[PDB]
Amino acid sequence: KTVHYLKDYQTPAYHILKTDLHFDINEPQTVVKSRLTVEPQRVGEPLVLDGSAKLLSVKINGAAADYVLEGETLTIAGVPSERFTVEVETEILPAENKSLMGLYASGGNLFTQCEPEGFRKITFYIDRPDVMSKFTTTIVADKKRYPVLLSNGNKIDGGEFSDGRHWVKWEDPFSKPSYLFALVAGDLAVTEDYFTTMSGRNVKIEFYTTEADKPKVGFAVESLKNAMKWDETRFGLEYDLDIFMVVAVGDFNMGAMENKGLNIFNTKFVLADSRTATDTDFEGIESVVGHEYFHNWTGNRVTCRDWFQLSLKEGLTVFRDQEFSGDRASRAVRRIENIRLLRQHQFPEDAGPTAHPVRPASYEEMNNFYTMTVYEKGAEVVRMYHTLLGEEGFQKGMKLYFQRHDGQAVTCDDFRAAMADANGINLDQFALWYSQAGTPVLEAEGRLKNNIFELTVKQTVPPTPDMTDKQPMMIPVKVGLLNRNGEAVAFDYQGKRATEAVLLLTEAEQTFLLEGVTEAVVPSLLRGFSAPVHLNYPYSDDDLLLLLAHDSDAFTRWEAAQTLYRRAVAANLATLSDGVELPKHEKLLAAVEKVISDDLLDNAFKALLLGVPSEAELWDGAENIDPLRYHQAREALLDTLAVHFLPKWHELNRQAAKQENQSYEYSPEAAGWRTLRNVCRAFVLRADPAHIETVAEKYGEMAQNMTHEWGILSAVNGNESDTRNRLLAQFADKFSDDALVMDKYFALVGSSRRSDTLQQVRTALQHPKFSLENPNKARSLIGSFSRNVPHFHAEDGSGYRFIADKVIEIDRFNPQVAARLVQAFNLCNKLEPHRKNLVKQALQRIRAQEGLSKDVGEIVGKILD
């Protein structure tokens, strides 16, 4: 079983200077011919090409090569000592490609996905990102069937043939790794716009969609134009071609893809209108359109040496996309959402069997490393450079990075060195953020003696499956102090008098002296979530209420609420387990009443303060978990809050509706009110499930956009009324023609806490609009069921069996989807014995499948072995 190790990296023996491709598209086969111009680096080594397409011929300088093909590699032993050409002819059946990697069909059109190692499914090549070549691509096809023929770069020639066929030739002048190749052939509608760069050069913008989806592309176009302007104003980065194309595709494994000048997007991240897309969907488009555009510099112009460096482009591009969205609107709310995402999804990963460093030391299947750790913790790591260095110094680091490395394939170490060198600071210890897996745990204690607040802080990082030794890391802790009435208190550190400071923890244990303090204080700690850590400080319930009411930092106010909810859930667990009455939660209820009633709180921030941590956050750190017990305790808390404040939930909803003021289109302002409104609806329908018939009666009047339909349907989705079933059926009939709205129906089916979800999910498998072979559908229905705690973790094992059956079925055509699904079982070692036994059986049965993919195999072994 091949494992790839970062320690074994060696530069390539061969470079590829020029890559000329010819695609001859027919029914059913596409024949690909290449001409590669190959430059020896280590003369006399065998030429080894990666590839898995059907091989029809290979030549070296025009003569039939003597070669051997074994597995997915082709080797030619007798190669010239100087420049030579290699010609390879392959044949592909793209309508049989259900993996959606390489060249594949979708909606009668043809698309590619090459990142990370898809290009070798098209031709034989040196398919690694430190090999950068200049591509020119010729495409020939039936004109009526394939009128749009695209590939990267500039379109330099084209023509017609008498038999109905036409051709185009695309030249991309920038050297690139093979993972950034793209090709599209299809009958697609175009939407045209343009942007004029800071140097006065127009860039033609073209979005390609189906003819029916074209009216939903306008928000994405405007978001691209905003991202282009923003890279220029914030980073001083300008686009480098006079054309930028984006192509939407309904069958796609991930969100989008930054192929140079020809980005390919999942429909879900480009199409929206207010009738069919929620405000969250719009925000997603804005983030992801920016994200892919930001890759032009952070990924394309500067690339990755090897796949272990994935976070070099993804952490930094996520950071860029986060900063773009925060500059657009609602910076603090958006930051909290990001933190919440990290703690809900990335913390469990770092605590579990598949935990890995931001820059892994080894992998079996690289597709398994497109993770919350590489992306979201990666962005947190980039952000720490910003926190340490300031915006100006961070920009000096970026400028040096591009001066040094424009045109190169580089490492996380190079980025770190650029940050360090541009600012004249030593960041050697900072490398541990790349190499050390696990969430650091800070233990802190504070004392005000004399007029010094002495904050003592210890750090530790647990062993993870790859590594036991974890040394002290460089951790910035941003702090403030509140007095007895919650106003800010100034303090001295280090020779500066201010109301905030970044305390830099670099050792196992340190004491920080905040001097010149004249009042009794409670510290505010880890402001802005200044490092991706767990922090334990002994706070009283009154201290948490003070922080929530009065602290000036969003994160720490929201963390205080989160802590109160968590403590209440813990209290419920205790009573439920003793068979006694539920706690009163008198202080939490009083804090919540304050939030509800506070009219100076931003609407969307208010909604976050009223969100209860998820079950996985609640069982973080526990052993012998019974997921249903945590679910029960959380549900009891939500029911308490729903019922206790029912009339005030109705009132808040009404104030929010009045303020929304019939502005149903997307804007950050209107969205905030809708978000609050949807929190109220959830609570109302908890407390008074009968209110569903009153909703049903006025449904048309309430259904003024998808944010409202989604919010209502979400609110009632766990209701045992038949009316919940009728509303869902009517939703599926109304939007039957919109694939992205059908994804939403399937998600409601899969996520319901009603007792009869498993059978409704089984029926939905056979819905005319469901397709197991479509990643958006599979994820919506099955993926949602796998995260549906009461159903997935049912005591009878029915959930585990179902999900294991679908890993097995899906893995037969799409290992990437199946390997993402099988991670539903990651909690295995931490479950109570009865459920653990059943999960282990499910995983052994997956492992016993003949021909199980490497992708799913790798994850099952981490869990089981």
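Throughout, we count residues from 1 along the sequence that is shown.
Stretch comparison (666-674 versus 315-323) by mean CA B-factor in the PDB entry places 666-674 on top. For the pair 837-845 and 850-858, the record assigns the higher mean C-alpha temperature factor to 850-858. The residue among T75, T464, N719, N296 whose C-alpha atom has the highest B-factor in the PDB entry is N719. Residue set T197, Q113, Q510, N263: peak C-alpha B-factor at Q510 (per PDB entry). For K229, the recorded CA temperature factor ranks within the middle third of the chain's modelled residues. The PDB entry assigns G284 a C-alpha temperature factor belonging to the lowest third of its chain's modelled residues. Residue-level temperature factors show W558 in the highest third of its chain, judged at the C-alpha atom. When the CA B factors of the chain's modelled residues are split into thirds, the value for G528 lands in the highest one.
Placement of the Cα temperature factor of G102 within the chain: lowest third of the modelled residues, per the deposited record.
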